[PDB]
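Each chain, letter by letter, is given below.
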Amino acid sequence: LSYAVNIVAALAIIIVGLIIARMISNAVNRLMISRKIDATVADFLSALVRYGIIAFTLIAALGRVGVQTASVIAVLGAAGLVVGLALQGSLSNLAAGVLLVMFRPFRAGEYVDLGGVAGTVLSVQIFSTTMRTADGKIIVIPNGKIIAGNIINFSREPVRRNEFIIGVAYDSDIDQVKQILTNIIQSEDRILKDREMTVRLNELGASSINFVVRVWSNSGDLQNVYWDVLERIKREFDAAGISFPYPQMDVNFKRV
Amino acid sequence: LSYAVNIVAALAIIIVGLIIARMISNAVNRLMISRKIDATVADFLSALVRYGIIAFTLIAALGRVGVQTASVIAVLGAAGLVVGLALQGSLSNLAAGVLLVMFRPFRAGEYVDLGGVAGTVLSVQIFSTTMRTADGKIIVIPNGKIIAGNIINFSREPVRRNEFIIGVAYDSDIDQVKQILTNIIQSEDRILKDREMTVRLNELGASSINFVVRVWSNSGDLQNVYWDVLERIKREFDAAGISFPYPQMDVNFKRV
Amino acid sequence: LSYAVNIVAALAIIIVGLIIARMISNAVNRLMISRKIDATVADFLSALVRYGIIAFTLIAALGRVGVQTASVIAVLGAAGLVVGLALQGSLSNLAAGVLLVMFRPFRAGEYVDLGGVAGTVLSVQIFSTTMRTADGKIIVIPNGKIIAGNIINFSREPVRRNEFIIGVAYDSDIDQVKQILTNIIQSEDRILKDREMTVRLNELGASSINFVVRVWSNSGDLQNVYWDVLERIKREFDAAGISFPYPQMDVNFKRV
Amino acid sequence: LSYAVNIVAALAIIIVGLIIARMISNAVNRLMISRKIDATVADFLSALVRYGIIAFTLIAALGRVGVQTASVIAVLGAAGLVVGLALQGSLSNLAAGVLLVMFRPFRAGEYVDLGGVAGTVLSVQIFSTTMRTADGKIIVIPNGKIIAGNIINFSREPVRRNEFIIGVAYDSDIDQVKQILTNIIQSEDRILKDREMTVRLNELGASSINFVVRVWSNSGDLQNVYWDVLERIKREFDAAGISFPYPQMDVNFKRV
Amino acid sequence: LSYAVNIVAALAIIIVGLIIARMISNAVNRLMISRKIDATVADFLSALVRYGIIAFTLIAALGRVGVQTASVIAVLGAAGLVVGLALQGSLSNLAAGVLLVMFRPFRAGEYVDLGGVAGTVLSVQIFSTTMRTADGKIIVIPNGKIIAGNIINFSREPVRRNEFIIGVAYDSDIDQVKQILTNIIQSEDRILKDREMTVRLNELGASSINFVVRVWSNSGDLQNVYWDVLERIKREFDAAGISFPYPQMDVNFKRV
Amino acid sequence: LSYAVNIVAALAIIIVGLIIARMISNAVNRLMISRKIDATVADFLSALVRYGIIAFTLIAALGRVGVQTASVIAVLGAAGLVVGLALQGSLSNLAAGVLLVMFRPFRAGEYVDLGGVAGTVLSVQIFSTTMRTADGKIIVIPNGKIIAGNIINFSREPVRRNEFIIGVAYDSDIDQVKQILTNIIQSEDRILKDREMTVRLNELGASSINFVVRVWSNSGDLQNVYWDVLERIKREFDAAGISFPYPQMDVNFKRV
Amino acid sequence: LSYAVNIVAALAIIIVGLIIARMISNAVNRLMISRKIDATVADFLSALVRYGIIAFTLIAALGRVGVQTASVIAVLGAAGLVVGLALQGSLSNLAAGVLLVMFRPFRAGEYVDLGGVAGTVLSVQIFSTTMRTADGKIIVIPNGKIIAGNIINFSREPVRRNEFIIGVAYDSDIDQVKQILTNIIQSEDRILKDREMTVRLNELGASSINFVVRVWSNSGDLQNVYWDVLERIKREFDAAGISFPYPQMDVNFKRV
């Protein structure tokens, strides 16, 4: 049984192959990390060399035990293929992960809308991103989904814009409405005066004349400015005699 | 018929091959489980070696009965392909399974919304997850569908937030409304006082001034806090003389 | 024409091959069925060996009539491919079939919602499942569709939960409403008293105060309990002086 | 030009091949049809042997005129592929055809809903099914679409169920309504008395108390039973003093 | 440079090949057309032989100028593939074309709904079908889209059915309404009397009792019959004292 | 280093190959354009010969520097594949381009609806088509999208059709309405009198009898004819005493 | 160990190969950029030569250490494939990037609607485009999504068109309305008088006669022209006695 020496040689090739593979791959993503590339991209590109070299090792090692070479390419091909399917979704998510962290279209702490759902971002991980909805629900979105959909980022821009729509009665003085609104926003310090300050009659409406006011503020103030400017419009408009109308209806009677 | 000895040799190769395959694969996912990896990924990765080794055995075993080698790669290729299709959905679900149990974006017992449907999670199994809708229906969702959709988790966060929207009549005292609401929530112990406590005039409405109140509580209290705070608002507002308005309408008569 | 003996040999190989194939395959899913596996997975896995072995037979049999071997892998490849396409939908449905019967996410006789349509399940067959809509329509849903969609099962859980929403007039006594509702459900024996028994003011509404009552019962009782508890609320509420309000409207007259 | 004899030999192989192919294939689906299989599956499976055998013939026939063998597998591969694409939709529809005729989830003459459209089935053909809408439009639905969608069959079940929803005024006697409805259905002979006979107060409604009546009848009677039982409810209810209410509205006047 | 004679031989093979190809293919779809098959399917199937034979010619012709054979299968494979993609949509549409003309699910001149859009068909061409909307817009629908969607054909059936829904006031005589409607349709000659003639109380409605009338007519008359029968119902009903009600409302006054 | 002469020979082959390729391809689409084919299809089909011939050149040229032949088919295969993906969308759009220009389902200047969006076409280019919305927005639609969706063309037909729906009060004379409308359209010269001229009572409506008028005009007149005919109906109807009704309501009073 | 000299030769080939590859590729997109092509297309096409040449180097280099050649094509094939998947989305976006910058269907600074979302474009980068919503949100859209959807460009056209719809009471003078509206727009200087100036009675409405006014202006003026022309209509219409009607209703009383 002197052809049972090839069994021993097969093992030798595998052990030497596994080590030679382990130390090239380590020694490649040592190189990549020392350039800059990206911790994850390195590990990935590296782990392909690793699994590649032990793929060669398996071919030549089995080959000394008469395993026809072109049957190893085939079996390993299938094996790889079956893994490939089972993972993929992952692979795709893994890649979106990288892109998201290395382009920061949103960063942790920004409030964003990631295709219908919106929340404050907590952390982008391997396959999935975590946000917290204003009210305290946690959402886990797959990195893949995020990257191939629109990313609406409420927070990256430093200055943002409220729009009020105020409806007043048709017999209200157009000039008076504009003046009160203009004098409310003029006096509010949190409204940026060097940017848009639109107060205008915008819509001849169903039962109300509709005025649009649009004014810019720092991103932090936007919420409080809205509320404070509203309370104000309501108070002033009442004290000044301007009526927010209820829904109207001309009814035309008929005794029958 | 001395070339009918290869038939016997073919069998020998298959039996030795089946055993050599069964014992390597067992002896591989002995190794993997002893590291840590994950019971399922072990069994799977293992069962690929297993079916791979008996794939080699079938090639060489049939090969000694003159089955052309490159016809076995082809027939088994097809066979594997036909299986592959029939399973897949399963393979994909099996993989999501792992991911879900080894990332616990939801754990058993959390209430979650898994893409339109929401219920309390019971158990994540091989291909499919089982939840129980608040009212007692059971839903069985495929692991695959779950993992590639958003996961809304109501329960992982320990503190959550009610939002009341209360509408009062236009001639109600703005300051009075804010004070009563503020004094209701101030006194409710279950409302976390070190977090958001927004009481504010939010919308000039159709037939009502709309106030928004937003207050945080432990996740367990959230439901009872809402109900208790509401009963309260209604009682106080009545005793204090504030009117929740019915829908309004100015009608403008015309005899014809 | 002594090379017209290969024609005779070609037939010999085919008949021997067809038989040797037919008796291995039978003798394989004899083995599988005796273990446990599953009658269909047996027949399927088996019928692959069968068609595989006669694939080898066709290669070697045609091969002795000078049919180039690597043209048989190709022609049969195409043939298989053309079948493969034509079937598939079936194969996919066949596989869902198995899964459904060997996981019983619903069993025959349970009422279920299989993605928009809901009925009582009758029987899961090879490719398609049959249910009967409460009113007598029959629906036939493809096993494939069912398995990759959510399965809502109304019947597997033994205890379920009604939710009543009752609207009363704003000037109704909050405490009185709660007591009558609570005393209706307290007395109903079919309501499980060791589970949730929520009676609460839930919504300040358009023209009604809305109370929510939620009570659990055995799955069988649920429908009758609802109807009986409702008739009751209506009767008691009337005799007790509580008004279910019609839609309201404050109209504000103007002679013109 | 003694190597221009191969041209003559090439033709010989083609003619003999075309005939040898035509007569095996005929002689195969002679065998299939004599078992039982199914006329189309026969013709189809058969026509694959046919086109397969002339595929071999073309390889060996061109091969004697120095056409490299592995170029014929390639060219015919492409040819087949181009056909394959152009047909497919057809192939898929052809297969659905079979399934539909050999499972009769609907048969000719049954009224069915085949994914949004519904009509009386006329005839299932090769690729497409023909139904006639109750009003006389003809619809032609592809067999493929049908088989991968739900099939709702109104007619296969022999007994079906009407549901009336009758709204009466709030001040109507609950017991009186139940009795009149119960006495209408009790006396209608076409209502199957050994099945469900539900008369019950179902919904406290907007401006009406809503009673639900559900009663089963033979499939033929269902339409006429509904109409007749309705005319009846209306007549009896009027003569008995029960009011079907118009939409209600409490209006709360304010001189301004 | 006696190995520059192969260049001249290469050309010879191409010219001879192009001609031999052009004359076989012509001489094949001469055969097909003479059987019956279909002018398009002929040209297509033919043009595959054509491009196939010049594919062989290119392999052997380049092959005598040392172009490695298995590089021509590869390059031409790619070329074909790149064409294949660019066309396809076309190929698919071309095939639908055939099917539509050779099954006439609609013919030119029939009014049809081809998935949301509906018009009178003008002409089915290579890739696209042209219809004219009742009002004069032209729509061009791809043959492919048409064939894989439902085909609603208004015109192939010779007799069709109008449905009137007439609403009358609740205090109208049920018997009187039925008689007038029945006597309108009885006298209209264009209504086919040997078919359905349903006049019935169908819906207890919001503010009207709703009668359904359904009557069949020739496809040409259907439009005019509807209009004429309607004018009639309105006239008779008025002269007979039956009221088409305006929307109703019971209002319940409250001085405040 | 006399085997470093092959490096020089490799270059020679590439330069001669690049030139021989550049001059055949030029000399092919010289031929195509001189027939008729189509400038783009020529350039495309041509540029495939071009890149094909330099593909052969690269195989044989690298081959004389010991680059294994079946590695060049493989590398270039990958290269081509990577390009293929990156382009495609383009290729598909490029093809739709041709089709659109060589079938003119719309031509520049026609107003068309290309799947939801509609505008006047300006120019169809390589990948994308440009239209101008009636109001001045510019839309750029991908040729690919256009060709696989319906094409609604408002302008190719020379004569089109307005439909007026006029509502008049229930107590209006049916004959009088028809006569005034008929006499309006009779006198309008821009209405084509040899085509449809439908004036008819069409709907017994909520609060109005609804008449439908449908009349055909040249495509240019259609817009002005509508406006002019409408102004007319309104004027005549008023002067003739016919009332366009406001929404109606029978109210049924109840003191409470 | 004189066969351990091939290990040294393997390295030599890789270093020489990496350099020879790096200098050809540099020297190719030196050529391309000097023509014109496009910076990105150059780098890409170039980087394919680069990775191609080191693919050849790896084959021959490993090949001198007995790595079977047809196993390197296979392993590298897999490696490339795994990369290919992980990237793709990127590749596709990268290509859209180019197209967008080299066709400028929108340029930085134009306001555009890119499939549901609209904002002012800031910058088109490698994979993703950035726009700023009128109100200050930032949106990041993938280049791929953009290019396969419609591109609506509000700004590339220099002149655009407002459409007012004004509703007046039914008893208003048709001629008077037209004259006032015409005289408002006649006098507005910002309205382009050499283009459309439509003032017309457009819709006989629910409770209002609806006039349509359509007038063209420079793109900059469009917003202010609308607002100014509206304020105007409202003022003039009031001073001239024309009424913008509230919603109407004929009520038909009934004591009960």
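Residues numbered from 1 in each chain as written, not as in the entry; some residues may be left out. Chains lettered and ligands numbered in written order. Heavy atoms only, no water.

What's the story with the interface of chain E and chain D in this structure? I'm lost.
Interfaces are often described in size by the accessible area the parts lose on coming together. Contacts between chain E and chain D engage 52 residues on the former and 48 residues on the latter. Between chain E and chain D the total buried area reaches about 4600 Å² when both faces are included, carbon and sulfur atoms providing 62% of it. Of all residues in chain E, E:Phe56, E:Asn150 and E:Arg200 give up the largest surface area on contact with chain D, accounting jointly for 14% of the area buried on that side. Here chain E and chain D share six salt bridges between them. (Contact = heavy atoms within 4.5 Å. Buried area = accessible area lost by both parts, 1.4 Å probe. Salt bridge = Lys/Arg side-chain N within 4 Å of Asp/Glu carboxyl O.)

How should I be thinking about the sheet that holds strand 8 (residues 209-218) of chain D in this particular structure?
Two pairing modes exist for strands in a sheet, parallel and antiparallel, and in both the strands are linked by backbone hydrogen bonds. Residues and elements named next belong to chain D. Taken in spatial order, the three strands of this open sheet run 6-8-7, and their pairing is antiparallel. The sheet is open, and its two edges are formed by strand 6 (159-168) and strand 7 (197-204), each paired on a single side. Across this sheet, the average inter-strand angle for adjacent strands is 20°, counted without regard to direction. Pairing of strand 6 with strand 8 involves 10 bridges; the strand directions are antiparallel. When the bridges of strand 8 are listed, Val159 appears paired with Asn218. (Pairing = 2+ DSSP bridges. Helix = DSSP H or I, 4+ residues; strand = E, 2+ residues; numbered from the N terminus. Axes fitted to C-alpha atoms, helices over the stretch in contact; angles between N-to-C directions.)

Would you mind going over the packing of helix 2 (residues 39-63) of chain C against helix 3 (residues 72-87) of chain C with me for this structure?
How two helices sit against one another is set out by the angle between their axes and by the gap between those axes. Residue and element names in this part refer to chain C. Direction vectors running N to C along helix 2 and helix 3 enclose 140°, while the axes themselves pass 10 Å from each other. The orientation of helix 2 with respect to helix 3, classified from their angle, is oblique. Where helix 2 crosses over helix 3, the handedness of that crossing is right-handed. Here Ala55, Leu58, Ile59 and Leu62 of helix 2 come into contact with helix 3, specifically with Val72, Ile73 and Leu76. Grouping the constituent residues of the contact of helix 2 with helix 3 by class yields seven nonpolar, no polar and no charged. (Parallel < 35°, antiparallel > 145°, perpendicular 65-115°, else oblique. Left-handed = near helix turned anticlockwise from the far one by under 90°. Nonpolar A, V, L, I, M, F, W, Y, C, P; charged D, E, K, R; others polar.)

What's the story with helix 4 (residues 89-101) of chain D in this structure? I'm lost.
Each full turn of the α-helix corresponds to 3.6 residues, which orients residues three or four apart in the same direction. Across its 13 residues, helix 4 of chain D extends 19 Å between first and last C-alpha, which sits within 8% of the 18 Å expected from 1.5 Å per residue. Among the residues of helix 4 of chain D, D:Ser90, D:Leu91, D:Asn93, D:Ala95, D:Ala96, D:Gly97, D:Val98, D:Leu99 and D:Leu100 are the ones counted as buried. (Expected span 1.5 Å × (residues − 1). Buried < 20%, exposed > 50% of the residue type's maximum accessible area, 1.4 Å probe, protein only.)

Teacher, can you tell me more about the relation of the copies chain E and chain D here?
Superposing the two chain copies requires a rotation about an axis and a translation along that axis. Note on the identical chains: chain E maps onto chain D by a rotation of 51° and an axial translation of 0.0 Å, with an RMSD of 0.1 Å. Of the residues that chain E buries at the interface, just 13% are likewise interface residues in chain D, meaning the two copies contact each other through different surfaces. (Least-squares fit on C-alpha atoms.)

Explain a nonpolar patch on the surface to me, please; I cannot follow it from the model alone.
Nonpolar side chains collect at one region of the surface, where A:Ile14, A:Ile15, A:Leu18, A:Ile19 and A:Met23 lie side by side and expose about 480 Å² of accessible area between them. Mapped onto the fold, A:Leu18 is located in helix 1 (residues 6-35). (Patch = residues over 30% accessible without salt bridge, like charges linked within 9 Å, V, L, I, M, F, W, Y side chains within 5 Å. Areas by Shrake-Rupley, 256 points an atom, 1.4 Å probe, with all protein chains shown as cover.)

Explain the pattern of salt bridges here, please?
Here the idea is simple: oppositely charged side chains can pair when their charged atoms come close. All chains considered together, the criterion is met by 91 salt bridges over all chains. In this structure, A:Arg190 and A:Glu188 form a salt bridge, with 3.1 Å as the shortest nitrogen-oxygen distance. The class of A:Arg190 is partly exposed, set by a relative accessible area of 29%. When the shortest N-O distance is used, the salt bridge between D:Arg200 and C:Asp228 registers 3.3 Å. Of this pair, D:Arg200 sits in strand 7 while C:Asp228 sits in helix 7 (residues 222-240), which puts the two residues in different chains. One continuous salt-bridge network, built from bridges that share partners, spans A:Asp175, A:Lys178, G:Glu231 and G:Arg235.

Any chance you could explain the packing of aromatic side chains here in plain terms?
Aromatic rings in a pair are described by how distant their centres are and how their planes are angled relative to each other. Taken as a whole and assessed by the stated rule, the structure comprises 49 aromatic pairs over all chains. On the basis of an interplanar angle of 55° and a centroid distance of 5.3 Å, the ring pair of A:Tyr111 and A:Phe154 is categorised as tilted. Taken together, the residues A:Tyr111 in strand 1 (residues 111-113) and A:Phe154 in the loop between strand 5 (151-153) and strand 6 (159-168) connect sequence positions 43 residues apart. In this structure A:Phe154 comes out as buried when scored by relative accessible area, which is 18%. Where G:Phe237 meets G:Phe244, the ring centres are 5.4 Å apart and the plane angle is 10°; that geometry is what we call stacked. Per residue, the accessibility class of G:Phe237 equals that of G:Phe244, and both read buried. Within the aromatic cluster, the residues linked to one another by ring pairs are A:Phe253, B:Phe253, C:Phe253, D:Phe253, E:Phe253, F:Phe253 and G:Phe253. In this structure, A:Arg195 packs its charged tip against the face of A:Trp216, placed 4.5 Å from the ring centre. (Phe/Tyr/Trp six-rings, centres within 6.5 Å; stacked < 30°, edge-to-face > 60°. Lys NZ or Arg CZ within 6 Å of the ring centre and 35° of its normal.)

Whenever I open this one, the domain arrangement of chain A confuses me. Can you help?
One can read the domain layout of chain A as domain 1 (3-104), domain 2 (105-154) and domain 3 (155-249). For domain 1 of chain A and domain 3 of chain A, the distance between their C-alpha centres works out to 64 Å. (Domains from an automatic or database assignment.)

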